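Here you get one chain, nothing else, as structure tokens; it is the form solved without uridine.
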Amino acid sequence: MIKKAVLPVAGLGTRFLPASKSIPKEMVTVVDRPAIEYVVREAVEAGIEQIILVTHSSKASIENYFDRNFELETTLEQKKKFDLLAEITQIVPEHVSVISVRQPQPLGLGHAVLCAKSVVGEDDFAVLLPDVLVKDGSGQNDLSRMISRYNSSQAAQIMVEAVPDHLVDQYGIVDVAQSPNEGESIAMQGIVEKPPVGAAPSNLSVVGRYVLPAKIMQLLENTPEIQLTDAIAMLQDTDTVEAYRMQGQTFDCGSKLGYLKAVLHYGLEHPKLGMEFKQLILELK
């Protein structure tokens, strides 16, 4: 049903700046692999098959991560590091293609999604903002829960997550009547950029996961700095839009402290390094 995802990765990484100066923000190492790997793993494990990277001329190392490397592999063979060569040879499954299109100028998220129009065609599709990592815990990731709701409802999905009341002026916040249960959706009437701590329509923050109809591309061509939130506003005119509330946990890597937070949480969960990483932390005192 939903087989395509747009990962808009053409930013210059002004946030996380020394680190992103000469490599993509997406290629920033989180424990032992680049951040992007975690976002592509999340997509693929919700049944995505076509990864559509909207990219910048400086971001070849992202495309190169999901391609084969002749010199690297023959180095790995010559040293008989055979289990490794097997790991770095199938980062994505056989049936998953990774596709590139260029955002010609940095004119925002709406413009980025519009750049993928030709590749999206008449299909319904997901958007993954890759500066945000989602950790699942439950065995079925939020993106998969949220796609199935989209399939069932044929209503656009905006992933949201409860934040503390006194920190709501940091977020895009959705207008809903009540808040849904975790892993459930409710109809939503709009989103408020950074509402004042007094005056937030809810405590439900936009995380940067979407399932949208193809309609959205003609909407983006007709938006009053082309803004996804008011292409979605325009979709409200003919369509239900629902807010899907995460069951899992987000990490904002675009921001140095939420990066350090992912390294700590993912590191401790590392199926191979977790326990040795725990010991390193305890030794700190």
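Position 1 is the first residue in the sequence shown; the rest follow in order.
Count of coordinate-less deposited residues separating residue 224 and residue 225, as none, 1 to 3, 4 to 9, or 10 or more? The entry leaves 4 to 9 residues without coordinates here.
Mean Cα B factor from the PDB record: higher for 117 to 125, or higher for 160 to 168? Comparing averages over the C-alpha atoms only gives 160 to 168.
Mean Cα B factor from the PDB record: higher for 151 to 159, or higher for 196 to 204? It is 196 to 204.
In terms of recorded Cα temperature factor, pick the maximum from 212, 112, 86, 99. 86 has the highest C-alpha B-factor of those listed.
So where's residue 247 on the chain's Cα temperature factor ranking, which third? As the PDB entry reports it, the C-alpha B-factor of residue 247 lands in the highest third of its chain.
What third of its chain's C-alpha B-factors does residue 142 belong to: lowest, middle or highest? Its C-alpha B-factor belongs to the middle third of this chain's values.
Would you check the entry's CA temperature factor for residue 254 and let me know if it's in the chain's lowest, middle or highest third? CA B-factor rank for residue 254: highest third.
Residue 267 CA temperature factor, ranked by third within the chain: Residue 267: CA B-factor falls in the middle third of its chain.
Against its chain's modelled residues, does residue 180's Cα B factor rank lowest, middle or highest third? It belongs to the highest third of the chain when residues are ordered by C-alpha B-factor.
Below, we turn to the form deposited with uridine bound, even though it does not appear here.
At 4.5 Å by heavy atoms, is each residue in 234, 236 and 241 next to uridine in the bound PDB entry? No, the candidate spot makes no contact with uridine.
Could you tell me which of 175 to 183, 99 to 107, 117 to 125, 135 to 143 sits within 4.5 Å of uridine in the bound PDB entry, going by non-hydrogen atoms? Among the candidates, contact is made by 99 to 107.
Any of the heavy atoms of residue 262 lying within 4.5 Å of uridine in the bound PDB entry? Because no heavy atom of residue 262 falls inside 4.5 Å of uridine in the bound PDB entry, the answer is no.
Contact label in the bound PDB entry: residue 156 to uridine, heavy atom within 4.5 Å: Flag for residue 156 set to no.
How about residue 200 - does it come within 4.5 Å of uridine in the bound PDB entry, if we only consider non-hydrogen atoms? The answer is no: residue 200 has no heavy atom within 4.5 Å of uridine.
Does at least one non-hydrogen atom of residue 129 fall within 4.5 angstroms of uridine in the bound PDB entry? So residue 129 counts as contacting uridine.
In sequence order, which positions of 1 to 21 have a non-hydrogen atom within 4.5 Å of uridine in the bound PDB entry? Sequence-ordered list: 8, 9, 10, 11.
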